[PDB]
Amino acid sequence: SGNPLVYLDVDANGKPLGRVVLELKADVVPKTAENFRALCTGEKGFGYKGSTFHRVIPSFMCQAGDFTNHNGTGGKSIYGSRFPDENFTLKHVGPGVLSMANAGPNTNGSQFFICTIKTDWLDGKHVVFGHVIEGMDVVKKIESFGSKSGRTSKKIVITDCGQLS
């Protein structure tokens, strides 16, 4: 058993923003945690490396993980195009929460978000599966390049990612 740690090393224009370190709550949502873990290691031959934080809304969240269309419209999971909502046990309790983006019920793919506030109106609709344990300052740097529409000012790239533990 164990709750994985993963990392995202984020850069823009080949200049580092820093590292974000996330705990995945495999104790509660092991299927969802495993998808994210594997997308970080790249062990299935696709995953987050090279993809961007495409939608960044200050005072809300940073969204990433579309490594197929590169704009919010895509992504895929290690289980197929989509997989069901595993459970809604974990809630959007505050800043640093890691949760799945979706296109409605049972449509988890690869896209995800990191909260910068509590987002409890998403409870019961988005599967929470972890949280940031180091690098919230990095997340705040990402946020500085976002906008109300969510458009970013530059390509914010997950240049490397993987599993720490």
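Definition used throughout: the rigid core is the maximal C-alpha set that superposes within 1.5 Å between two forms. One-based numbering along the sequence shown.
- With each structure aligned by its rigid core, the stretch whose Cα atoms sit farther from this model in 8 other deposited structures of this protein, between 152-160 and 19-27, is 152-160.
- Of the two segments examined, 30-38 and 120-128, it is 120-128 that shows the higher average Cα temperature factor in the deposited entry.
- Looking at mean Cα B-factors across 68-76 and 91-99, the upper value is held by 68-76.
- In the deposited entry, the Cα temperature factor of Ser59 places it in the highest third of its chain's modelled residues.
- Ranked by C-alpha B-factor against the other modelled residues of its chain, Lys155 falls in the highest third.
- Per the PDB record, residue ranking by Cα B-factor puts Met136 in the highest third of the chain.
- In this PDB entry, the Cα temperature factor of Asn106 sits in the middle third of its chain's modelled residues.
- Ranked against the other modelled residues of its chain, the C-alpha B-factor of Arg19 as given in the entry falls in the middle third.
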